[PDB]
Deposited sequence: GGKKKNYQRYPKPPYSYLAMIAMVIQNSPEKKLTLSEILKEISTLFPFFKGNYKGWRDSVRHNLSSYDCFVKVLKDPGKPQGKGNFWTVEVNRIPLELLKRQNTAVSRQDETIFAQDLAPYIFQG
């Protein structure tokens, strides 16, 4: 039960960091991240919704994404803010990937959207 989708040629890591870093407070809920990613990359407004799980997975699986409690009172509370420590980002992951999509035809490097 597996298949690759014609997503934009940027890593989920890069797209997440970009939307976070461009938010007014440099922090966003998961919900806001998903919304903002689909706004910048229309593909994600479509039928396929598994990208939402993928995004959730990246947040927990890279050290550059640090969770911040929405309520100090509840350490196990939901709807927390996510932030990015940009210096903890492996720079190759911000480059445009060569995949089916980018072989057909934002910029080649997302660093100038992130190091802001």
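A.B. asks: What portions of the deposited sequence, indexed from 1, have no corresponding C-alpha atom in the structure?
C.D. replies: Unmodelled stretches, in sequence order: 1 to 5, 111 to 113, 125.
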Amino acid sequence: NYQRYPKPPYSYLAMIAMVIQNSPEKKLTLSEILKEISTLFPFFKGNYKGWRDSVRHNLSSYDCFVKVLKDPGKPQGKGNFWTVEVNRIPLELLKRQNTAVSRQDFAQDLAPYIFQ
From here on, numbers count along this sequence of modelled residues.
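A.B. asks: Out of the other entries of this protein with residues modelled on both sides, is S23 skipped in at least a third?
C.D. replies: Modelled in all the others, so no.
A.B. asks: How about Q104: is it missing in a third or more of the other compared entries?
C.D. replies: Yes, left without coordinates in at least a third.
A.B. asks: Looking at the deposited entry, does 48 to 56 or 78 to 86 carry the larger mean Cα B-factor?
C.D. replies: Between 48 to 56 and 78 to 86, it is 78 to 86.
A.B. asks: Comparing 96 to 104 with 12 to 20, which stretch shows the greater average C-alpha B-factor in the deposited entry?
C.D. replies: Between 96 to 104 and 12 to 20, it is 96 to 104.
A.B. asks: What third of the chain does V66 rank in for C-alpha temperature factor, lowest, middle or highest?
C.D. replies: According to the entry, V66 has a C-alpha B-factor in the chain's middle third.
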